[PDB]
$ cat target.json   # JSON, C-alpha atoms
[["chain", "number", "residue", "atom", "x", "y", "z"],
["R", 295, "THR", "CA", 127.30, 104.61, 73.81],
["R", 296, "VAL", "CA", 123.88, 103.11, 74.62],
["R", 297, "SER", "CA", 122.80, 101.89, 78.07],
["R", 298, "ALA", "CA", 121.30, 98.57, 76.99],
["R", 299, "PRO", "CA", 120.14, 96.00, 79.57],
["R", 300, "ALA", "CA", 122.69, 93.26, 80.26],
["R", 301, "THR", "CA", 120.46, 90.47, 81.59],
["R", 302, "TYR", "CA", 117.23, 88.68, 80.75],
["R", 303, "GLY", "CA", 114.28, 89.39, 83.01],
["R", 304, "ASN", "CA", 112.38, 86.85, 85.08],
["R", 305, "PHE", "CA", 108.70, 86.19, 85.82],
["R", 306, "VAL", "CA", 108.47, 83.84, 88.81],
["R", 307, "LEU", "CA", 104.95, 82.63, 89.58],
["R", 308, "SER", "CA", 103.38, 83.67, 92.87],
["R", 309, "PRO", "CA", 102.31, 80.79, 95.15],
["R", 310, "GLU", "CA", 98.74, 82.08, 95.09],
["R", 311, "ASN", "CA", 98.77, 81.69, 91.31],
["R", 312, "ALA", "CA", 99.56, 78.00, 91.60],
["R", 313, "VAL", "CA", 96.30, 77.33, 93.43],
["R", 314, "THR", "CA", 94.52, 79.12, 90.59],
["R", 315, "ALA", "CA", 96.42, 77.06, 88.03],
["R", 316, "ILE", "CA", 95.61, 73.65, 89.50],
["R", 317, "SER", "CA", 91.89, 74.43, 89.41],
["R", 318, "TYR", "CA", 90.56, 76.40, 86.46],
["R", 319, "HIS", "CA", 93.20, 76.72, 83.74],
["R", 320, "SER", "CA", 93.91, 80.45, 83.86],
["R", 321, "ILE", "CA", 96.46, 82.78, 85.47],
["R", 322, "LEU", "CA", 96.36, 86.56, 85.83],
["R", 323, "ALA", "CA", 99.75, 88.11, 86.54],
["R", 324, "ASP", "CA", 100.46, 89.60, 89.98],
["R", 325, "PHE", "CA", 97.32, 88.34, 91.69],
["R", 326, "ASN", "CA", 98.40, 90.04, 94.92],
["R", 327, "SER", "CA", 98.50, 93.37, 93.08],
["R", 328, "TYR", "CA", 94.85, 93.42, 91.97],
["R", 329, "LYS", "CA", 93.68, 92.40, 95.44],
["R", 330, "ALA", "CA", 95.27, 95.49, 96.99],
["R", 331, "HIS", "CA", 93.67, 97.86, 94.45],
["R", 332, "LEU", "CA", 90.09, 96.56, 94.61],
["R", 333, "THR", "CA", 90.10, 97.40, 98.32],
["R", 334, "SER", "CA", 91.36, 100.96, 97.85],
["R", 335, "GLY", "CA", 89.10, 101.27, 94.80],
["R", 336, "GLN", "CA", 91.88, 102.79, 92.69],
["R", 337, "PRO", "CA", 91.60, 101.67, 89.03],
["R", 338, "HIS", "CA", 95.10, 102.58, 87.82],
["R", 339, "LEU", "CA", 97.91, 100.14, 88.82],
["R", 340, "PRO", "CA", 101.48, 101.51, 88.86],
["R", 341, "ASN", "CA", 102.86, 98.67, 86.72],
["R", 342, "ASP", "CA", 101.94, 95.54, 84.75],
["R", 343, "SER", "CA", 104.00, 92.33, 84.87],
["V", 295, "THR", "CA", 71.20, 70.44, 130.10],
["V", 296, "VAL", "CA", 72.52, 70.10, 126.54],
["V", 297, "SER", "CA", 75.01, 72.83, 125.56],
["V", 298, "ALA", "CA", 73.74, 74.29, 122.28],
["V", 299, "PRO", "CA", 75.19, 77.38, 120.56],
["V", 300, "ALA", "CA", 73.63, 80.72, 121.49],
["V", 301, "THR", "CA", 74.53, 82.53, 118.26],
["V", 302, "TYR", "CA", 74.84, 81.92, 114.53],
["V", 303, "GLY", "CA", 78.43, 81.80, 113.33],
["V", 304, "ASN", "CA", 78.60, 84.01, 110.25],
["V", 305, "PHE", "CA", 80.82, 83.07, 107.33],
["V", 306, "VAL", "CA", 82.86, 85.86, 105.74],
["V", 307, "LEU", "CA", 84.55, 86.01, 102.35],
["V", 308, "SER", "CA", 88.33, 86.36, 102.31],
["V", 309, "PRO", "CA", 89.80, 89.41, 100.53],
["V", 310, "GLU", "CA", 91.67, 87.02, 98.24],
["V", 311, "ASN", "CA", 88.29, 85.67, 97.13],
["V", 312, "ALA", "CA", 87.12, 89.10, 95.96],
["V", 313, "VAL", "CA", 89.32, 88.97, 92.86],
["V", 314, "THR", "CA", 88.55, 85.30, 92.20],
["V", 315, "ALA", "CA", 84.82, 86.02, 92.11],
["V", 316, "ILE", "CA", 85.36, 88.60, 89.35],
["V", 317, "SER", "CA", 87.93, 86.78, 87.21],
["V", 318, "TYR", "CA", 85.82, 83.61, 87.17],
["V", 319, "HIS", "CA", 82.55, 82.27, 88.56],
["V", 320, "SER", "CA", 83.83, 80.22, 91.48],
["V", 321, "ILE", "CA", 85.05, 80.66, 95.07],
["V", 322, "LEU", "CA", 87.32, 78.37, 97.11],
["V", 323, "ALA", "CA", 86.44, 78.76, 100.78],
["V", 324, "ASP", "CA", 89.49, 79.25, 103.04],
["V", 325, "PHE", "CA", 91.53, 80.02, 99.94],
["V", 326, "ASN", "CA", 94.39, 81.33, 102.06],
["V", 327, "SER", "CA", 94.37, 77.99, 103.90],
["V", 328, "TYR", "CA", 94.79, 76.20, 100.57],
["V", 329, "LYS", "CA", 97.76, 78.37, 99.58],
["V", 330, "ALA", "CA", 99.39, 77.95, 102.99],
["V", 331, "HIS", "CA", 99.02, 74.17, 103.25],
["V", 332, "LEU", "CA", 99.81, 73.65, 99.56],
["V", 333, "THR", "CA", 103.03, 75.67, 99.70],
["V", 334, "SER", "CA", 103.83, 73.67, 102.84],
["V", 335, "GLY", "CA", 103.27, 70.52, 100.78],
["V", 336, "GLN", "CA", 101.04, 68.91, 103.42],
["V", 337, "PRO", "CA", 98.16, 66.87, 101.91],
["V", 338, "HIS", "CA", 95.81, 67.26, 104.89],
["V", 339, "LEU", "CA", 93.97, 70.29, 106.25],
["V", 340, "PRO", "CA", 92.94, 71.33, 109.78],
["V", 341, "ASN", "CA", 89.27, 72.31, 109.59],
["V", 342, "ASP", "CA", 86.75, 73.40, 106.98],
["V", 343, "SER", "CA", 85.30, 76.89, 106.91]]
$ encode --input "target.json" --output "structure tokens"
Amino acid sequence: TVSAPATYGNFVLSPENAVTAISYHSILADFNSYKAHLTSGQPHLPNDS
Amino acid sequence: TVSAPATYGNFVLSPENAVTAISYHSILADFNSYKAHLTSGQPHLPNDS
């Protein structure tokens, strides 16, 4: 037996991203995540998108 | 006796702006106000920064 995933994942956009989409045409994933790490100064995020 | 302000009112950058300044060369003042009133769907805004 193998414990394979049973469901497709999802990647819902954050509302803050939508303001950054309407203006300049670019989107970085998890915009709230980077904001909380620049304040602490930590460079290594736990996870990526 | 005209009532004139006794002190300069300093502007301050929002923490959300700190990532936007790095990822691209632009800043939207009151960026949290844009996200709040855009997610609300209301075309108008209270006051400018």
$ closest_atom_pairs --input "target.json" --of "chain V" --to "chain R" --cutoff "10 Å" --atoms "only C-alpha atoms" --output "JSON lines"
{"residue": "V:309", "atom": "CA", "partner": "R:329", "partner_atom": "CA", "distance": 7.1}
{"residue": "V:310", "atom": "CA", "partner": "R:329", "partner_atom": "CA", "distance": 6.4}
{"residue": "V:311", "atom": "CA", "partner": "R:329", "partner_atom": "CA", "distance": 8.8}
{"residue": "V:312", "atom": "CA", "partner": "R:329", "partner_atom": "CA", "distance": 7.4}
{"residue": "V:313", "atom": "CA", "partner": "R:329", "partner_atom": "CA", "distance": 6.1}
{"residue": "V:314", "atom": "CA", "partner": "R:314", "partner_atom": "CA", "distance": 8.7}
{"residue": "V:317", "atom": "CA", "partner": "R:322", "partner_atom": "CA", "distance": 8.5}
{"residue": "V:318", "atom": "CA", "partner": "R:318", "partner_atom": "CA", "distance": 8.7}
{"residue": "V:320", "atom": "CA", "partner": "R:318", "partner_atom": "CA", "distance": 9.2}
{"residue": "V:322", "atom": "CA", "partner": "R:314", "partner_atom": "CA", "distance": 9.7}
{"residue": "V:325", "atom": "CA", "partner": "R:313", "partner_atom": "CA", "distance": 8.5}
{"residue": "V:326", "atom": "CA", "partner": "R:310", "partner_atom": "CA", "distance": 8.3}
{"residue": "V:328", "atom": "CA", "partner": "R:313", "partner_atom": "CA", "distance": 7.4}
{"residue": "V:329", "atom": "CA", "partner": "R:310", "partner_atom": "CA", "distance": 5.9}
{"residue": "V:330", "atom": "CA", "partner": "R:309", "partner_atom": "CA", "distance": 8.8}
{"residue": "V:332", "atom": "CA", "partner": "R:313", "partner_atom": "CA", "distance": 8.0}
{"residue": "V:333", "atom": "CA", "partner": "R:309", "partner_atom": "CA", "distance": 6.9}
$ atom_distance --input "target.json" --atom1 "CA of residue 340 (chain V)" --atom2 "CA of residue 323 (chain V)"
13.4 Å
$ atom_distance --input "target.json" --atom1 "CA of residue 307 (chain R)" --atom2 "CA of residue 324 (chain R)"
8.3 Å
$ axis_aligned_box --input "target.json" --around "region 307-311 of chain R" --padding-each-side "8 Å" --output "AutoDock Vina command-line options"
--center_x 101.8 --center_y 82.2 --center_z 92.4 --size_x 22.2 --size_y 18.9 --size_z 21.6
$ atom_distance --input "target.json" --atom1 "CA of residue 339 (chain R)" --atom2 "CA of residue 304 (chain R)"
20.0 Å
$ decode --input "target.json" --residues "region 297-338 of chain V" --atoms "N, CA and C atoms" --output "mmCIF file, in the first residue's frame"
data_model
loop_
_atom_site.group_PDB
_atom_site.id
_atom_site.type_symbol
_atom_site.label_atom_id
_atom_site.label_comp_id
_atom_site.auth_asym_id
_atom_site.auth_seq_id
_atom_site.Cartn_x
_atom_site.Cartn_y
_atom_site.Cartn_z
ATOM 1 N N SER V 297 -7.574 79.800 13.444
ATOM 2 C CA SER V 297 -7.101 78.571 14.088
ATOM 3 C C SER V 297 -6.233 77.795 13.101
ATOM 4 N N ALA V 298 -4.916 77.966 13.204
ATOM 5 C CA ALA V 298 -3.983 77.262 12.340
ATOM 6 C C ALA V 298 -3.303 76.126 13.100
ATOM 7 N N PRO V 299 -2.901 75.054 12.415
ATOM 8 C CA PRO V 299 -2.286 73.923 13.120
ATOM 9 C C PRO V 299 -0.984 74.318 13.803
ATOM 10 N N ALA V 300 -0.744 73.720 14.970
ATOM 11 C CA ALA V 300 0.446 73.995 15.763
ATOM 12 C C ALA V 300 1.577 73.008 15.513
ATOM 13 N N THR V 301 1.359 71.988 14.686
ATOM 14 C CA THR V 301 2.345 70.933 14.511
ATOM 15 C C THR V 301 2.202 70.340 13.119
ATOM 16 N N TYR V 302 3.331 69.964 12.521
ATOM 17 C CA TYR V 302 3.304 69.183 11.293
ATOM 18 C C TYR V 302 2.694 67.812 11.553
ATOM 19 N N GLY V 303 1.929 67.317 10.585
ATOM 20 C CA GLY V 303 1.374 65.982 10.692
ATOM 21 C C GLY V 303 2.139 64.989 9.844
ATOM 22 N N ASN V 304 3.038 64.235 10.471
ATOM 23 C CA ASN V 304 3.925 63.351 9.727
ATOM 24 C C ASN V 304 3.159 62.214 9.060
ATOM 25 N N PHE V 305 3.507 61.946 7.807
ATOM 26 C CA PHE V 305 3.099 60.726 7.130
ATOM 27 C C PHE V 305 3.968 59.565 7.600
ATOM 28 N N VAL V 306 3.417 58.356 7.537
ATOM 29 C CA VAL V 306 4.166 57.153 7.886
ATOM 30 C C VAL V 306 3.797 56.045 6.906
ATOM 31 N N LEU V 307 4.805 55.306 6.449
ATOM 32 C CA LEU V 307 4.562 54.183 5.554
ATOM 33 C C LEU V 307 3.895 53.032 6.296
ATOM 34 N N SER V 308 2.947 52.379 5.627
ATOM 35 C CA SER V 308 2.314 51.190 6.171
ATOM 36 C C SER V 308 3.254 49.989 6.056
ATOM 37 N N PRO V 309 3.164 49.040 6.996
ATOM 38 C CA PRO V 309 3.995 47.831 6.878
ATOM 39 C C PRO V 309 3.738 47.064 5.598
ATOM 40 N N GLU V 310 2.507 47.088 5.091
ATOM 41 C CA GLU V 310 2.224 46.430 3.823
ATOM 42 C C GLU V 310 3.007 47.068 2.683
ATOM 43 N N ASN V 311 3.291 48.369 2.778
ATOM 44 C CA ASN V 311 4.064 49.041 1.741
ATOM 45 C C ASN V 311 5.518 48.594 1.705
ATOM 46 N N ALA V 312 6.049 48.078 2.816
ATOM 47 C CA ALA V 312 7.473 47.765 2.869
ATOM 48 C C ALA V 312 7.854 46.667 1.884
ATOM 49 N N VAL V 313 6.954 45.715 1.636
ATOM 50 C CA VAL V 313 7.238 44.686 0.641
ATOM 51 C C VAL V 313 7.032 45.231 -0.763
ATOM 52 N N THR V 314 6.016 46.082 -0.940
ATOM 53 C CA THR V 314 5.723 46.629 -2.259
ATOM 54 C C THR V 314 6.849 47.517 -2.766
ATOM 55 N N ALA V 315 7.537 48.222 -1.866
ATOM 56 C CA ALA V 315 8.669 49.036 -2.291
ATOM 57 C C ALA V 315 9.807 48.178 -2.830
ATOM 58 N N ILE V 316 9.976 46.968 -2.296
ATOM 59 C CA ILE V 316 11.074 46.111 -2.729
ATOM 60 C C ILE V 316 10.721 45.395 -4.025
ATOM 61 N N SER V 317 9.525 44.801 -4.082
ATOM 62 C CA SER V 317 9.135 44.000 -5.239
ATOM 63 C C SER V 317 8.992 44.846 -6.498
ATOM 64 N N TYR V 318 8.701 46.134 -6.348
ATOM 65 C CA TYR V 318 8.555 47.019 -7.493
ATOM 66 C C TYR V 318 8.724 48.450 -7.011
ATOM 67 N N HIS V 319 8.957 49.352 -7.960
ATOM 68 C CA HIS V 319 9.288 50.740 -7.633
ATOM 69 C C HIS V 319 8.031 51.611 -7.643
ATOM 70 N N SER V 320 7.139 51.327 -6.694
ATOM 71 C CA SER V 320 5.938 52.136 -6.521
ATOM 72 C C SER V 320 5.341 51.862 -5.148
ATOM 73 N N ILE V 321 4.570 52.835 -4.660
ATOM 74 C CA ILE V 321 3.916 52.766 -3.356
ATOM 75 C C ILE V 321 2.522 53.363 -3.480
ATOM 76 N N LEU V 322 1.512 52.623 -3.025
ATOM 77 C CA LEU V 322 0.134 53.106 -2.974
ATOM 78 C C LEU V 322 -0.165 53.543 -1.545
ATOM 79 N N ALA V 323 -0.294 54.850 -1.334
ATOM 80 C CA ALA V 323 -0.575 55.356 0.004
ATOM 81 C C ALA V 323 -1.927 54.847 0.488
ATOM 82 N N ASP V 324 -2.011 54.546 1.789
ATOM 83 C CA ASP V 324 -3.212 53.957 2.391
ATOM 84 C C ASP V 324 -3.583 52.653 1.688
ATOM 85 N N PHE V 325 -2.568 51.819 1.451
ATOM 86 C CA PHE V 325 -2.782 50.581 0.707
ATOM 87 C C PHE V 325 -3.748 49.649 1.424
ATOM 88 N N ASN V 326 -3.732 49.645 2.757
ATOM 89 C CA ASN V 326 -4.725 48.866 3.487
ATOM 90 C C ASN V 326 -6.131 49.412 3.262
ATOM 91 N N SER V 327 -6.263 50.732 3.098
ATOM 92 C CA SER V 327 -7.568 51.313 2.801
ATOM 93 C C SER V 327 -8.069 50.898 1.423
ATOM 94 N N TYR V 328 -7.162 50.704 0.464
ATOM 95 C CA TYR V 328 -7.581 50.211 -0.842
ATOM 96 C C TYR V 328 -8.096 48.784 -0.740
ATOM 97 N N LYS V 329 -7.354 47.920 -0.045
ATOM 98 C CA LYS V 329 -7.765 46.527 0.082
ATOM 99 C C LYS V 329 -9.073 46.393 0.846
ATOM 100 N N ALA V 330 -9.307 47.264 1.830
ATOM 101 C CA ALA V 330 -10.521 47.156 2.631
ATOM 102 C C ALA V 330 -11.741 47.622 1.848
ATOM 103 N N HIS V 331 -11.637 48.772 1.180
ATOM 104 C CA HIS V 331 -12.757 49.298 0.411
ATOM 105 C C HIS V 331 -12.899 48.657 -0.962
ATOM 106 N N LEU V 332 -11.887 47.930 -1.439
ATOM 107 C CA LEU V 332 -12.066 47.167 -2.669
ATOM 108 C C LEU V 332 -12.730 45.826 -2.391
ATOM 109 N N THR V 333 -12.304 45.139 -1.327
ATOM 110 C CA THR V 333 -12.971 43.905 -0.930
ATOM 111 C C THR V 333 -14.415 44.168 -0.527
ATOM 112 N N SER V 334 -14.688 45.341 0.053
ATOM 113 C CA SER V 334 -16.063 45.747 0.316
ATOM 114 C C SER V 334 -16.835 46.018 -0.968
ATOM 115 N N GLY V 335 -16.142 46.299 -2.069
ATOM 116 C CA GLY V 335 -16.807 46.617 -3.313
ATOM 117 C C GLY V 335 -17.336 48.029 -3.420
ATOM 118 N N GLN V 336 -16.934 48.934 -2.527
ATOM 119 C CA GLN V 336 -17.455 50.297 -2.536
ATOM 120 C C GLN V 336 -16.553 51.201 -3.366
ATOM 121 N N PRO V 337 -17.059 51.808 -4.443
ATOM 122 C CA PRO V 337 -16.206 52.646 -5.305
ATOM 123 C C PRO V 337 -15.541 53.824 -4.606
ATOM 124 N N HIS V 338 -16.181 54.428 -3.613
ATOM 125 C CA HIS V 338 -15.664 55.657 -3.026
ATOM 126 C C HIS V 338 -14.801 55.369 -1.801
#
